[PDB]
$ cat protein.txt   # compact mmCIF, C-alpha atoms and all ligand atoms
# COMPACT_ATOMS: atom_id res chain seq x y z
CA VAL S 3 17.63 5.48 -11.29
CA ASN S 4 15.21 6.59 -8.60
CA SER S 5 15.47 8.16 -5.10
CA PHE S 6 14.49 5.12 -2.97
CA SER S 7 17.32 4.25 -0.51
CA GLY S 8 18.18 1.36 1.82
CA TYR S 9 15.84 -1.16 0.19
CA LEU S 10 16.60 -4.85 -0.03
CA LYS S 11 15.96 -6.21 -3.53
CA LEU S 12 13.67 -9.29 -3.49
CA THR S 13 13.11 -9.74 -7.23
CA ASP S 14 13.63 -7.94 -10.52
CA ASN S 15 10.88 -5.47 -9.56
CA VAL S 16 10.08 -5.78 -5.82
CA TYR S 17 12.08 -4.06 -3.06
CA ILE S 18 11.47 -4.03 0.72
CA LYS S 19 12.51 -1.82 3.66
CA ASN S 20 11.75 -1.53 7.37
CA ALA S 21 10.28 1.96 7.31
CA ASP S 22 7.33 4.10 8.32
CA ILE S 23 5.50 4.70 5.03
CA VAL S 24 4.54 8.20 6.20
CA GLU S 25 8.16 9.17 6.83
CA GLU S 26 9.30 7.46 3.64
CA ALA S 27 6.73 9.34 1.60
CA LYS S 28 7.68 12.66 3.24
CA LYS S 29 11.28 12.14 2.23
CA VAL S 30 11.00 10.62 -1.25
CA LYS S 31 7.84 12.44 -2.42
CA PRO S 32 7.14 9.51 -4.76
CA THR S 33 4.88 9.83 -7.78
CA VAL S 34 2.53 7.27 -6.16
CA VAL S 35 2.01 6.26 -2.53
CA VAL S 36 -0.43 3.39 -1.95
CA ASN S 37 -2.99 3.62 0.83
CA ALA S 38 -4.44 0.53 2.50
CA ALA S 39 -7.99 1.81 2.03
CA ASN S 40 -11.45 0.48 2.78
CA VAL S 41 -14.39 0.76 0.37
CA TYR S 42 -15.74 3.87 2.15
CA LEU S 43 -12.34 5.63 2.17
CA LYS S 44 -12.76 6.04 5.94
CA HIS S 45 -9.13 6.48 6.98
CA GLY S 46 -9.45 5.70 10.66
CA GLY S 47 -6.48 3.53 11.56
CA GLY S 48 -3.62 1.42 10.34
CA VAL S 49 -1.75 2.76 7.34
CA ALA S 50 -4.77 4.81 6.23
CA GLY S 51 -5.18 6.55 9.56
CA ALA S 52 -1.47 7.37 9.61
CA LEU S 53 -1.38 8.71 6.04
CA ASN S 54 -4.49 10.81 6.60
CA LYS S 55 -3.15 12.26 9.87
CA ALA S 56 0.05 13.29 8.06
CA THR S 57 -2.11 15.27 5.57
CA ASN S 58 -3.85 17.14 8.43
CA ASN S 59 -7.13 15.37 7.40
CA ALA S 60 -7.03 16.76 3.83
CA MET S 61 -6.99 13.17 2.52
CA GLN S 62 -10.26 12.47 4.39
CA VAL S 63 -11.91 15.67 3.12
CA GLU S 64 -11.01 14.80 -0.48
CA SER S 65 -12.11 11.19 0.05
CA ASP S 66 -15.52 12.17 1.44
CA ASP S 67 -16.19 14.24 -1.69
CA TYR S 68 -15.07 11.29 -3.87
CA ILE S 69 -17.49 8.91 -2.12
CA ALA S 70 -20.36 11.40 -2.21
CA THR S 71 -19.95 11.59 -5.99
CA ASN S 72 -19.01 8.01 -6.90
CA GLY S 73 -20.15 5.72 -4.09
CA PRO S 74 -17.96 3.07 -2.46
CA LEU S 75 -15.08 1.25 -4.07
CA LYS S 76 -15.11 -2.51 -4.66
CA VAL S 77 -13.06 -4.86 -2.52
CA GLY S 78 -10.07 -5.47 -4.80
CA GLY S 79 -10.53 -2.07 -6.46
CA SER S 80 -8.81 1.30 -6.30
CA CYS S 81 -8.98 4.98 -7.10
CA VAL S 82 -6.33 7.63 -7.74
CA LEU S 83 -6.61 10.78 -5.62
CA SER S 84 -4.18 13.49 -4.56
CA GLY S 85 -1.02 12.61 -2.67
CA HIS S 86 -1.29 15.91 -0.76
CA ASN S 87 2.01 16.68 1.01
CA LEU S 88 3.18 13.05 0.79
CA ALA S 89 3.33 12.18 -2.94
CA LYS S 90 2.04 13.38 -6.29
CA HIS S 91 -0.80 10.84 -6.19
CA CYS S 92 -2.29 8.44 -3.67
CA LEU S 93 -3.53 5.13 -5.06
CA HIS S 94 -6.21 4.01 -2.58
CA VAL S 95 -6.34 0.20 -2.88
CA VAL S 96 -8.88 -1.99 -1.06
CA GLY S 97 -7.48 -5.34 -0.05
CA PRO S 98 -9.84 -7.86 1.57
CA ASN S 99 -10.29 -7.43 5.33
CA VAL S 100 -10.18 -10.89 6.93
CA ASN S 101 -11.68 -9.40 10.07
CA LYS S 102 -14.76 -8.72 7.88
CA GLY S 103 -14.79 -12.19 6.28
CA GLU S 104 -13.82 -10.96 2.79
CA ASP S 105 -12.39 -13.49 0.30
CA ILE S 106 -8.61 -13.57 0.41
CA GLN S 107 -8.54 -14.47 -3.33
CA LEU S 108 -9.41 -10.79 -3.83
CA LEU S 109 -5.88 -9.94 -2.68
CA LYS S 110 -4.51 -10.72 -6.15
CA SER S 111 -7.08 -8.41 -7.75
CA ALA S 112 -6.08 -5.68 -5.28
CA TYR S 113 -2.39 -5.96 -6.21
CA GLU S 114 -3.25 -5.87 -9.95
CA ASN S 115 -4.07 -2.17 -9.47
CA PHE S 116 -0.35 -1.54 -8.90
CA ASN S 117 0.40 -2.54 -12.53
CA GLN S 118 -1.19 0.70 -13.76
CA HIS S 119 1.75 2.66 -12.24
CA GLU S 120 5.40 2.34 -13.23
CA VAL S 121 6.77 2.95 -9.71
CA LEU S 122 5.01 2.89 -6.31
CA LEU S 123 5.73 3.18 -2.59
CA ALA S 124 3.33 0.77 -0.89
CA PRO S 125 2.44 -1.21 2.22
CA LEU S 126 1.67 -4.91 2.15
CA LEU S 127 -2.01 -5.13 1.22
CA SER S 128 -4.39 -6.76 3.70
CA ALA S 129 -1.62 -6.87 6.38
CA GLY S 130 -1.84 -5.23 9.78
CA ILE S 131 -5.39 -4.56 10.95
CA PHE S 132 -6.79 -6.11 7.74
CA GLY S 133 -5.93 -9.48 9.26
CA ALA S 134 -4.16 -11.36 6.46
CA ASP S 135 -0.83 -13.16 6.79
CA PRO S 136 1.84 -10.65 5.65
CA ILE S 137 4.03 -13.49 4.32
CA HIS S 138 1.13 -14.53 2.02
CA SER S 139 0.59 -10.90 1.06
CA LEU S 140 4.25 -10.57 0.07
CA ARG S 141 4.02 -13.75 -2.04
CA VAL S 142 0.94 -12.46 -3.87
CA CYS S 143 2.65 -9.09 -4.40
CA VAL S 144 5.73 -10.70 -5.97
CA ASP S 145 3.63 -13.01 -8.14
CA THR S 146 1.21 -10.26 -9.30
CA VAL S 147 2.94 -6.87 -9.51
CA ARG S 148 5.16 -6.40 -12.57
CA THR S 149 5.89 -2.69 -12.09
CA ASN S 150 8.50 -1.40 -9.64
CA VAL S 151 7.22 -1.57 -6.07
CA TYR S 152 9.00 -0.32 -2.94
CA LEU S 153 7.40 -1.97 0.09
CA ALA S 154 7.55 -0.22 3.47
CA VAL S 155 7.10 -2.51 6.48
CA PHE S 156 6.59 -0.61 9.74
CA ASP S 157 7.36 -3.43 12.17
CA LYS S 158 11.04 -4.38 12.35
CA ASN S 159 10.28 -7.85 13.71
CA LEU S 160 7.90 -8.49 10.83
CA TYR S 161 10.35 -7.09 8.28
CA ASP S 162 13.04 -9.53 9.41
CA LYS S 163 10.58 -12.47 9.31
CA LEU S 164 9.44 -11.52 5.78
CA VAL S 165 13.03 -11.38 4.52
CA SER S 166 14.19 -14.53 6.29
CA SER S 167 11.23 -16.58 5.02
CA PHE S 168 11.19 -15.22 1.45
CA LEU S 169 11.48 -17.87 -1.25
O1 LIG W 201 -3.00 -0.75 9.19
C1 LIG W 201 -2.49 -1.89 9.01
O2 LIG W 201 -3.20 -2.93 9.09
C2 LIG W 201 -1.01 -2.07 8.67
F1 LIG W 201 -0.52 -3.19 9.27
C3 LIG W 201 -0.14 -0.91 9.07
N1 LIG W 201 0.80 -0.78 7.98
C4 LIG W 201 1.85 0.21 7.83
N2 LIG W 201 2.73 -0.01 6.89
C5 LIG W 201 3.70 0.84 6.69
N3 LIG W 201 3.92 1.97 7.36
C6 LIG W 201 3.02 2.19 8.32
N4 LIG W 201 2.98 3.19 9.11
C7 LIG W 201 2.02 3.20 9.95
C8 LIG W 201 1.68 4.11 10.94
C9 LIG W 201 0.58 3.89 11.74
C10 LIG W 201 -0.19 2.76 11.55
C11 LIG W 201 0.15 1.83 10.56
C12 LIG W 201 1.26 2.04 9.73
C13 LIG W 201 1.93 1.36 8.63
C14 LIG W 201 0.54 -1.82 6.98
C15 LIG W 201 -0.93 -2.24 7.16
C16 LIG W 201 -1.85 -1.61 6.07
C17 LIG W 201 -2.33 -2.97 5.64
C18 LIG W 201 -1.36 -3.62 6.59

$ encode --input "protein.txt" --output "structure tokens"
Amino acid sequence: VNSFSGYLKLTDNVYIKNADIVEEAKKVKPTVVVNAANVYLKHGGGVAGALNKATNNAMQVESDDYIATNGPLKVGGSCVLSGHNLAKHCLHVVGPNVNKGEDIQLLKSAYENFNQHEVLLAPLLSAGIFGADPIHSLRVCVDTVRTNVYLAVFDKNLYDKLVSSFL
């Protein structure tokens, strides 16, 4: 038993809710919240900009030190950093950005990072400003992640389309 509430169950291990991931994290304080990161951990907009704003820019300060030490992530890769006031940990995962021409096949590799964590609160990778089809992203999530994932979808219209079209 965990503290996630109001989710629709899609599969044995994947759950979905129309929710603002920032507000959901603030309430649940999950062990892991996933950020929709880029390779530079520049949290300017989308989910990343919203998560970072909710930490009063502490996420960005920590991220800049991480990059200065380690260099950029790979597309499809991840790193674990602090969850600040939102979660114990933040798993920064880089899905491919279609608006940069990155290979959508890397979306599966991105979701594989979730399997290193037993339970996660997450957005749909490569959705939103990353330019991928969220229905495809949901399919890859379900077919790749084996651990327990609670997906927060900000847009109500999109949430209803994802549910209604789910196979
Ligand atoms: O940035 C994108 O492209 C996204 F479409 C946005 N997303 C979100 N997913 C859940 N909660 C959210 N709260 C937010 C508050 C402000 C801005 C965005 C979000 C958001 C998902 C997304 C990250 C990859 C697709």

$ closest_residue --input "protein.txt" --among "S:13, S:135, S:86, S:25" --to "residue 147 (chain S)" --atoms "all atoms listed in the file"
S:13

$ closest_atom_pairs --input "protein.txt" --of "chain S" --to "ligand LIG 201 (chain W)" --cutoff "7 Å" --atoms "all atoms listed in the file" --output "CSV"
residue,atom,partner,partner_atom,distance
S:21,CA,W:LIG201,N3,6.4
S:22,CA,W:LIG201,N3,4.1
S:23,CA,W:LIG201,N3,3.9
S:24,CA,W:LIG201,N4,6.0
S:38,CA,W:LIG201,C16,4.9
S:47,CA,W:LIG201,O1,6.0
S:48,CA,W:LIG201,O1,2.5
S:49,CA,W:LIG201,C11,3.9
S:50,CA,W:LIG201,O1,6.5
S:51,CA,W:LIG201,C10,6.6
S:52,CA,W:LIG201,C9,4.6
S:125,CA,W:LIG201,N2,4.8
S:126,CA,W:LIG201,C18,5.5
S:127,CA,W:LIG201,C17,4.9
S:128,CA,W:LIG201,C17,4.7
S:129,CA,W:LIG201,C18,3.3
S:130,CA,W:LIG201,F1,2.5
S:131,CA,W:LIG201,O2,3.3
S:132,CA,W:LIG201,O2,5.0
S:154,CA,W:LIG201,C5,5.1
S:155,CA,W:LIG201,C5,4.8
S:156,CA,W:LIG201,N3,4.4

$ residues_around --input "protein.txt" --residues "residue 143 (chain S)" --least-positions-apart "6" --cutoff "9 Å" --atoms "only C-alpha atoms" --output "list in words"
residues 16, 109, 110, 113, 114, 126, 127 and 151 of chain S

$ atom_distance --input "protein.txt" --atom1 "CA of residue 144 (chain S)" --atom2 "CA of residue 94 (chain S)"
19.2 Å

$ atom_distance --input "protein.txt" --atom1 "CA of residue 89 (chain S)" --atom2 "CA of residue 118 (chain S)"
16.4 Å

$ residues_around --input "protein.txt" --residues "residue 108 (chain S)" --least-positions-apart "3" --cutoff "6 Å" --atoms "all atoms listed in the file" --output "VMD selection string"
chain S and resid 78 105 111

$ residues_around --input "protein.txt" --residues "residue 117 (chain S)" --least-positions-apart "6" --cutoff "9 Å" --atoms "all atoms listed in the file" --output "PyMOL selection string"
chain S and resi 146-150

$ axis_aligned_box --input "protein.txt" --around "region 79-98 of chain S" --padding-each-side "6 Å" --output "AutoDock Vina command-line options"
--center_x -3.6 --center_y 4.4 --center_z -3.1 --size_x 25.9 --size_y 36.5 --size_z 21.3

$ atom_distance --input "protein.txt" --atom1 "CA of residue 93 (chain S)" --atom2 "CA of residue 160 (chain S)"
23.8 Å

$ residues_around --input "protein.txt" --residues "residue 166 (chain S)" --least-positions-apart "5" --cutoff "12 Å" --atoms "all atoms listed in the file" --output "list in words"
residues 10, 12, 137, 159, 160 and 161 of chain S

$ residues_around --input "protein.txt" --residues "residue 73 (chain S)" --least-positions-apart "6" --cutoff "12 Å" --atoms "only C-alpha atoms" --output "PyMOL selection string"
chain S and resi 41-43+65-67+81

$ write_last_selection --input "protein.txt" --atoms "C-alpha atoms" --output "CSV table (one decimal), in the frame of the given file"
chain,number,residue,atom,x,y,z
S,41,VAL,CA,-14.4,0.8,0.4
S,42,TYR,CA,-15.7,3.9,2.2
S,43,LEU,CA,-12.3,5.6,2.2
S,65,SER,CA,-12.1,11.2,0.0
S,66,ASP,CA,-15.5,12.2,1.4
S,67,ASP,CA,-16.2,14.2,-1.7
S,81,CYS,CA,-9.0,5.0,-7.1

$ closest_residue --input "protein.txt" --among "S:88, S:6, S:124, S:20" --to "residue 162 (chain S)" --atoms "only C-alpha atoms"
S:20

$ closest_residue --input "protein.txt" --among "S:115, S:58, S:15, S:40" --to "residue 75 (chain S)" --atoms "only C-alpha atoms"
S:40

$ closest_residue --input "protein.txt" --among "S:140, S:164, S:30, S:35" --to "residue 92 (chain S)" --atoms "all atoms listed in the file"
S:35
